file start.cif (mmCIF, C-alpha atoms)
data_data
#
loop_
_atom_site.label_atom_id
_atom_site.label_comp_id
_atom_site.auth_asym_id
_atom_site.auth_seq_id
_atom_site.Cartn_x
_atom_site.Cartn_y
_atom_site.Cartn_z
CA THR A 6 11.17 -9.91 -41.52
CA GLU A 7 11.13 -6.20 -40.47
CA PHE A 8 12.11 -7.09 -36.84
CA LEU A 9 11.41 -3.95 -34.70
CA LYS A 10 12.33 -4.47 -31.01
CA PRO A 11 10.94 -2.30 -28.17
CA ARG A 12 13.22 -0.86 -25.46
CA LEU A 13 12.67 0.09 -21.79
CA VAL A 14 12.13 3.91 -21.84
CA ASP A 15 10.83 5.30 -18.50
CA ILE A 16 10.03 3.84 -15.05
CA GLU A 17 7.65 6.33 -13.33
CA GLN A 18 8.01 5.15 -9.69
CA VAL A 19 5.13 7.07 -7.96
CA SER A 20 5.79 5.00 -4.79
CA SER A 21 7.99 2.06 -3.72
CA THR A 22 4.82 -0.09 -3.86
CA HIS A 23 3.27 1.36 -7.08
CA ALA A 24 5.31 2.01 -10.27
CA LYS A 25 4.43 2.52 -13.99
CA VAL A 26 6.84 1.26 -16.69
CA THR A 27 6.49 2.68 -20.24
CA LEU A 28 7.66 0.52 -23.20
CA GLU A 29 8.09 1.62 -26.84
CA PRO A 30 8.06 1.23 -29.68
CA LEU A 31 5.95 -1.93 -30.09
CA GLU A 32 4.90 -3.14 -33.57
CA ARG A 33 1.11 -3.57 -34.04
CA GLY A 34 -0.44 -6.27 -31.83
CA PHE A 35 2.66 -6.97 -29.70
CA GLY A 36 1.35 -4.50 -27.08
CA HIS A 37 -1.34 -6.91 -25.88
CA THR A 38 0.82 -10.03 -26.71
CA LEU A 39 3.54 -9.29 -24.14
CA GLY A 40 1.19 -7.29 -21.92
CA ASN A 41 -1.00 -10.25 -20.87
CA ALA A 42 1.69 -12.98 -21.12
CA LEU A 43 3.84 -10.89 -18.68
CA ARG A 44 0.88 -10.05 -16.38
CA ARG A 45 0.31 -13.81 -15.93
CA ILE A 46 3.97 -14.53 -15.00
CA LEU A 47 4.04 -11.42 -12.75
CA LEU A 48 0.91 -12.61 -10.88
CA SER A 49 1.73 -16.30 -10.26
CA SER A 50 5.39 -17.10 -11.05
CA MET A 51 7.24 -14.26 -9.24
CA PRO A 52 9.51 -15.60 -6.47
CA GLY A 53 9.22 -13.94 -3.02
CA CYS A 54 9.65 -14.67 0.69
CA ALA A 55 6.71 -15.25 3.10
CA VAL A 56 6.13 -16.35 6.72
CA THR A 57 5.71 -20.16 6.67
CA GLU A 58 5.99 -21.21 10.33
CA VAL A 59 5.46 -19.40 13.64
CA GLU A 60 6.02 -20.75 17.13
CA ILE A 61 4.81 -18.65 20.09
CA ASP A 62 5.68 -19.52 23.73
CA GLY A 63 2.63 -20.12 25.97
CA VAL A 64 0.78 -21.20 22.79
CA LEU A 65 -0.16 -24.82 21.91
CA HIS A 66 -2.49 -23.84 19.03
CA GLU A 67 -3.60 -20.83 16.93
CA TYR A 68 -7.15 -20.84 18.45
CA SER A 69 -6.02 -20.22 22.05
CA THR A 70 -5.95 -16.79 23.79
CA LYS A 71 -2.74 -15.23 25.18
CA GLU A 72 -3.04 -13.02 28.32
CA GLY A 73 -2.28 -9.27 27.96
CA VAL A 74 -2.93 -9.34 24.19
CA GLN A 75 -5.87 -7.71 22.33
CA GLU A 76 -5.60 -9.94 19.25
CA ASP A 77 -6.35 -13.65 19.21
CA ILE A 78 -3.41 -15.70 17.86
CA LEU A 79 -5.13 -16.22 14.45
CA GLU A 80 -5.22 -12.41 13.93
CA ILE A 81 -1.49 -12.27 14.83
CA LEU A 82 -0.72 -14.99 12.24
CA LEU A 83 -2.70 -12.93 9.69
CA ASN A 84 -0.42 -9.93 10.37
CA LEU A 85 2.70 -12.12 9.93
CA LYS A 86 1.51 -13.33 6.48
CA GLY A 87 1.58 -9.68 5.32
CA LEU A 88 4.92 -9.01 7.00
CA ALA A 89 7.28 -7.71 4.27
CA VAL A 90 10.58 -9.68 4.55
CA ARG A 91 13.62 -9.97 2.23
CA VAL A 92 16.18 -12.76 2.73
CA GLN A 93 19.37 -11.94 0.76
CA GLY A 94 21.63 -15.03 1.13
CA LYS A 95 19.75 -18.15 2.33
CA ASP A 96 16.31 -19.49 1.31
CA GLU A 97 15.17 -20.11 4.93
CA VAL A 98 15.64 -17.83 7.99
CA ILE A 99 14.08 -18.28 11.46
CA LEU A 100 13.79 -14.85 13.19
CA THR A 101 13.22 -14.40 16.96
CA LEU A 102 10.75 -11.88 18.48
CA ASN A 103 10.87 -11.13 22.23
CA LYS A 104 9.10 -7.96 23.42
CA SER A 105 7.34 -6.60 26.54
CA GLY A 106 5.64 -3.58 28.15
CA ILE A 107 2.74 -1.41 26.90
CA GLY A 108 3.16 -0.93 23.15
CA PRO A 109 1.98 -2.00 19.67
CA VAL A 110 4.50 -4.74 18.73
CA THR A 111 5.90 -3.53 15.37
CA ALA A 112 8.08 -5.43 12.86
CA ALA A 113 11.18 -3.58 14.16
CA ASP A 114 10.97 -5.58 17.43
CA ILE A 115 12.18 -8.68 15.53
CA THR A 116 15.96 -9.31 15.81
CA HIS A 117 17.19 -8.65 12.22
CA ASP A 118 19.61 -11.29 10.84
CA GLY A 119 22.95 -10.35 9.17
CA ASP A 120 21.36 -10.99 5.70
CA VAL A 121 17.65 -10.24 6.47
CA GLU A 122 15.84 -6.95 5.78
CA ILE A 123 12.44 -6.19 7.34
CA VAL A 124 11.08 -3.80 4.70
CA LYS A 125 8.22 -2.20 6.68
CA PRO A 126 9.52 -1.89 10.31
CA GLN A 127 6.34 -0.03 11.44
CA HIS A 128 4.16 -3.01 10.34
CA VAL A 129 1.81 -4.00 13.19
CA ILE A 130 1.96 -7.64 14.42
CA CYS A 131 0.37 -7.60 17.90
CA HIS A 132 -0.92 -5.17 20.61
CA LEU A 133 0.39 -5.56 24.19
CA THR A 134 -2.20 -4.06 26.57
CA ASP A 135 -0.71 -4.99 29.98
CA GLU A 136 2.78 -3.69 30.97
CA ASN A 137 3.35 -7.01 32.85
CA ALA A 138 2.65 -8.93 29.59
CA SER A 139 5.57 -10.17 27.44
CA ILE A 140 5.38 -11.98 24.05
CA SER A 141 7.96 -14.45 22.67
CA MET A 142 7.83 -16.21 19.24
CA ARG A 143 9.99 -17.74 16.45
CA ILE A 144 9.00 -16.68 12.92
CA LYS A 145 10.23 -18.90 10.05
CA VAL A 146 10.35 -17.08 6.66
CA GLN A 147 11.01 -19.32 3.65
CA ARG A 148 11.27 -18.43 -0.04
CA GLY A 149 8.82 -19.81 -2.63
CA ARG A 150 6.54 -18.53 -5.41
CA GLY A 151 2.79 -17.92 -5.81
CA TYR A 152 0.55 -18.75 -2.81
CA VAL A 153 0.96 -21.88 -0.65
CA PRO A 154 -1.94 -22.50 1.76
CA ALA A 155 -1.58 -24.20 5.20
CA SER A 156 -4.17 -26.82 4.12
CA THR A 157 -1.91 -27.81 1.13
CA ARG A 158 1.15 -27.83 3.43
CA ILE A 159 -0.46 -30.13 6.04
CA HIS A 160 -0.80 -32.84 3.33
CA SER A 161 2.75 -33.46 1.95
CA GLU A 162 5.79 -33.05 4.30
CA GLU A 163 5.05 -33.76 8.05
CA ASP A 164 8.34 -35.62 8.76
CA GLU A 165 9.10 -33.86 12.11
CA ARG A 166 5.94 -33.09 14.20
CA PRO A 167 6.92 -30.61 16.97
CA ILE A 168 3.94 -29.77 19.28
CA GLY A 169 4.01 -25.93 19.45
CA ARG A 170 4.56 -25.03 15.75
CA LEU A 171 1.83 -23.03 13.96
CA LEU A 172 1.92 -23.22 10.15
CA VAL A 173 0.79 -20.11 8.18
CA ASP A 174 -0.56 -19.63 4.62
CA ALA A 175 2.43 -18.41 2.57
CA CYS A 176 1.87 -15.29 0.42
CA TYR A 177 5.13 -15.81 -1.55
CA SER A 178 4.26 -13.79 -4.73
CA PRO A 179 5.21 -10.10 -4.18
CA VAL A 180 2.91 -8.66 -6.93
CA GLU A 181 -0.49 -7.64 -5.46
CA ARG A 182 -2.05 -5.96 -8.54
CA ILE A 183 -0.92 -5.56 -12.16
CA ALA A 184 -2.62 -4.11 -15.27
CA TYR A 185 -0.94 -3.16 -18.57
CA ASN A 186 -2.36 -0.35 -20.75
CA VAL A 187 -1.50 1.13 -24.20
CA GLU A 188 -0.79 4.80 -25.02
CA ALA A 189 0.46 6.89 -27.99
CA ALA A 190 4.24 6.56 -28.67
CA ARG A 191 4.81 9.67 -30.88
CA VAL A 192 8.28 8.47 -32.11
CA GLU A 193 9.79 9.57 -35.49
CA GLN A 194 7.18 8.75 -38.19
CA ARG A 195 6.05 5.25 -37.05
CA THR A 196 2.57 6.64 -36.07
CA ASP A 197 0.85 3.19 -35.75
CA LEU A 198 3.69 1.95 -33.45
CA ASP A 199 2.74 2.66 -29.78
CA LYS A 200 3.99 1.83 -26.24
CA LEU A 201 2.90 -0.37 -23.28
CA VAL A 202 2.49 1.02 -19.71
CA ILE A 203 2.77 -1.85 -17.14
CA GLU A 204 1.36 -0.53 -13.82
CA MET A 205 2.57 -2.80 -10.97
CA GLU A 206 1.36 -2.58 -7.31
CA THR A 207 3.56 -4.85 -5.12
CA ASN A 208 4.59 -5.20 -1.45
CA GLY A 209 7.95 -3.71 -0.36
CA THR A 210 10.63 -6.32 -1.20
CA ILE A 211 10.49 -6.97 -4.94
CA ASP A 212 11.52 -3.90 -7.00
CA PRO A 213 9.32 -2.98 -10.01
CA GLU A 214 12.07 -2.93 -12.69
CA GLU A 215 13.77 -6.01 -11.18
CA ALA A 216 10.46 -7.96 -11.17
CA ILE A 217 9.67 -7.22 -14.84
CA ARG A 218 13.21 -8.30 -15.70
CA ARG A 219 12.68 -11.63 -13.93
CA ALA A 220 9.25 -12.18 -15.51
CA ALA A 221 10.61 -11.70 -19.05
CA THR A 222 13.45 -14.14 -18.13
CA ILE A 223 10.90 -16.81 -17.10
CA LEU A 224 9.00 -16.43 -20.41
CA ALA A 225 12.25 -16.64 -22.42
CA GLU A 226 13.23 -19.82 -20.50
CA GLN A 227 9.86 -21.40 -21.48
CA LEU A 228 10.52 -20.39 -25.11
CA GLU A 229 13.85 -22.36 -25.19
CA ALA A 230 11.75 -25.47 -25.79
CA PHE A 231 9.90 -23.96 -28.81
CA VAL A 232 13.11 -22.54 -30.39
CA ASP A 233 15.60 -25.41 -29.67
CA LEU A 234 13.37 -28.56 -29.91
CA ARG A 235 11.64 -27.35 -33.15
CA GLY B 1045 -22.56 -48.38 34.09
CA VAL B 1046 -20.41 -45.32 33.30
CA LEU B 1047 -17.19 -44.97 35.35
CA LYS B 1048 -15.63 -41.89 33.65
CA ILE B 1049 -15.83 -39.86 30.39
CA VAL B 1050 -13.19 -37.86 28.46
CA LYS B 1051 -14.65 -35.19 26.10
CA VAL B 1052 -12.19 -34.17 23.35
CA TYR B 1053 -12.69 -30.96 21.29
CA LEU B 1054 -11.14 -30.75 17.79
CA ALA B 1055 -10.99 -27.64 15.58
CA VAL B 1056 -11.33 -28.19 11.84
CA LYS B 1057 -10.49 -25.24 9.56
CA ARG B 1058 -12.33 -26.05 6.30
CA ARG B 1059 -11.76 -23.64 3.35
CA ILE B 1060 -14.21 -23.27 0.43
CA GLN B 1061 -14.02 -25.81 -2.43
CA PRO B 1062 -16.12 -26.94 -5.42
CA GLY B 1063 -19.40 -28.43 -4.04
CA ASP B 1064 -19.78 -25.89 -1.20
CA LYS B 1065 -23.16 -24.07 -1.32
CA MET B 1066 -23.19 -20.25 -1.42
CA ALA B 1067 -25.92 -17.63 -1.77
CA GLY B 1068 -26.93 -13.97 -1.56
CA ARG B 1069 -30.00 -12.60 0.25
CA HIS B 1070 -32.54 -12.59 -2.59
CA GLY B 1071 -32.80 -16.41 -2.67
CA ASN B 1072 -30.04 -16.64 -5.30
CA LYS B 1073 -28.47 -20.07 -4.57
CA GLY B 1074 -25.39 -21.65 -6.16
CA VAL B 1075 -22.59 -24.25 -5.92
CA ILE B 1076 -18.87 -23.52 -6.46
CA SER B 1077 -17.84 -25.38 -9.68
CA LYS B 1078 -14.18 -24.38 -9.98
CA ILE B 1079 -11.70 -22.18 -8.16
CA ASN B 1080 -10.36 -20.21 -11.18
CA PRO B 1081 -6.76 -18.91 -10.80
CA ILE B 1082 -6.35 -15.09 -10.32
CA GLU B 1083 -4.40 -15.00 -13.59
CA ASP B 1084 -7.52 -16.30 -15.47
CA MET B 1085 -10.24 -14.11 -13.89
CA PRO B 1086 -11.81 -11.08 -15.61
CA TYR B 1087 -10.35 -7.63 -14.76
CA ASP B 1088 -11.42 -4.01 -15.44
CA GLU B 1089 -9.27 -1.40 -17.32
CA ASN B 1090 -8.00 -0.32 -13.90
CA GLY B 1091 -6.51 -3.84 -13.57
CA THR B 1092 -8.35 -5.19 -10.50
CA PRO B 1093 -9.59 -8.78 -10.89
CA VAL B 1094 -13.16 -9.95 -10.19
#

call {"tool": "encode", "arguments": {"input": "start.cif", "output": "structure tokens"}}
result
Amino acid sequence: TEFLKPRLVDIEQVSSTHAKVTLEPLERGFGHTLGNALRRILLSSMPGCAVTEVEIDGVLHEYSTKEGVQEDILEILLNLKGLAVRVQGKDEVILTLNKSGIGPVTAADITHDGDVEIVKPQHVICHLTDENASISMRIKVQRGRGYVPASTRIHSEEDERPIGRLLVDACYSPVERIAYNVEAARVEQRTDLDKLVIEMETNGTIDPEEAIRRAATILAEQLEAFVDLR
Amino acid sequence: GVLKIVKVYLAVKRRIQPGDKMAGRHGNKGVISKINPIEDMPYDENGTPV
């Protein structure tokens, strides 16, 4: 056993969404071993927060039309799925949005909770055309992982059935795109030994370094069973 | 015979599933067989899945 462990070298954060992470030195073949196994956990298993429920006033269903609003309610729900939200303390927060007058309703119009950060405040949700028009809604953000559709969520719970509650497809996973590469390491005299560049392209909330840390933790927790129980 | 009628309108939102028929525009038919997870799909060197 010539155990040679890699170490986190450099995190080239080009943007808050897109960041490269270089990794060296890796012994031959471990570059692709961790590369893919991590990519899989980073795609599907990464916990995140996502808009689960919405409840707009003057709205009985998502297919209706609201006066003084360019977008149909479905297109508003779409914008709320891609609303970047980070809940710090609790798993479930129900934010309130009341806004009026002529203006594109941005994410900053939502009343921020003590422990809730709206990561992109300039994110568009709805367009108010008429000055007389006012919009009011209650946006529930819950935490989960992966992607939970509204068609899978309308066939499980349904204990309380309040008429006026629109469910939304949850985009819980924060990682949008991920693709690991391999480059020259140029260490001491290892030569063969190289590195592993993990390029991540995420939303706002989950931080590149933090996310890779969590993904390696999930893989190590699955490996407990193969180390401990034989 | 008819005294009154109530017409109800439902809205189903059906998503794609195995069995649904798809095609292009050159007569190339097909049936979805499996929705493969994003983790499993092919991806180019850039990293973007098919």

call {"tool": "resolve_selection", "arguments": {"input": "start.cif", "expression": "the PyMOL selection byres ((chain A and resi 189) around 12)", "output": "short mmCIF file (atom, residue, chain, number, x, y, z; two decimals) with C-alpha atoms, keeping the file's coordinate frame"}}
result
data_model
loop_
_atom_site.label_atom_id
_atom_site.label_comp_id
_atom_site.auth_asym_id
_atom_site.auth_seq_id
_atom_site.Cartn_x
_atom_site.Cartn_y
_atom_site.Cartn_z
CA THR A 27 6.49 2.68 -20.24
CA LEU A 28 7.66 0.52 -23.20
CA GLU A 29 8.09 1.62 -26.84
CA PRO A 30 8.06 1.23 -29.68
CA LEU A 31 5.95 -1.93 -30.09
CA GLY A 36 1.35 -4.50 -27.08
CA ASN A 186 -2.36 -0.35 -20.75
CA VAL A 187 -1.50 1.13 -24.20
CA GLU A 188 -0.79 4.80 -25.02
CA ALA A 190 4.24 6.56 -28.67
CA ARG A 191 4.81 9.67 -30.88
CA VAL A 192 8.28 8.47 -32.11
CA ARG A 195 6.05 5.25 -37.05
CA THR A 196 2.57 6.64 -36.07
CA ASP A 197 0.85 3.19 -35.75
CA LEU A 198 3.69 1.95 -33.45
CA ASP A 199 2.74 2.66 -29.78
CA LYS A 200 3.99 1.83 -26.24
CA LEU A 201 2.90 -0.37 -23.28
CA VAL A 202 2.49 1.02 -19.71
#

call {"tool": "resolve_selection", "arguments": {"input": "start.cif", "expression": "the PyMOL selection byres ((chain A) within 8 of (chain B))", "output": "list in words"}}
result
residues 44, 45, 48, 49, 182, 183, 184, 185 and 186 of chain A

call {"tool": "resolve_selection", "arguments": {"input": "start.cif", "expression": "the PyMOL selection byres ((chain A and resi 72-85) around 7)", "output": "ChimeraX atom specification"}}
result
/A:56,67-71,86-88,129-135,138,173

call {"tool": "residues_around", "arguments": {"input": "start.cif", "residues": "residue 50 of chain A", "least_positions_apart": "4", "cutoff": "8 Å", "atoms": "only C-alpha atoms", "output": "list in words"}}
result
residues 45, 46, 150, 151, 178 and 220 of chain A

call {"tool": "axis_aligned_box", "arguments": {"input": "start.cif", "around": "segment 150-167 of chain A", "padding_each_side": "6 Å", "output": "lines of an AutoDock Vina configuration file"}}
result
center_x = 2.5
center_y = -26.8
center_z = 5.6
size_x = 25.3
size_y = 29.7
size_z = 34.8

call {"tool": "atom_distance", "arguments": {"input": "start.cif", "atom1": "atom CA of residue 117 of chain A", "atom2": "atom CA of residue 103 of chain A"}}
result
12.1 Å

call {"tool": "residues_around", "arguments": {"input": "start.cif", "residues": "residue 222 of chain A", "least_positions_apart": "3", "cutoff": "12 Å", "atoms": "only C-alpha atoms", "output": "ChimeraX atom specification"}}
result
/A:43,46-47,50-51,215-219,225-229
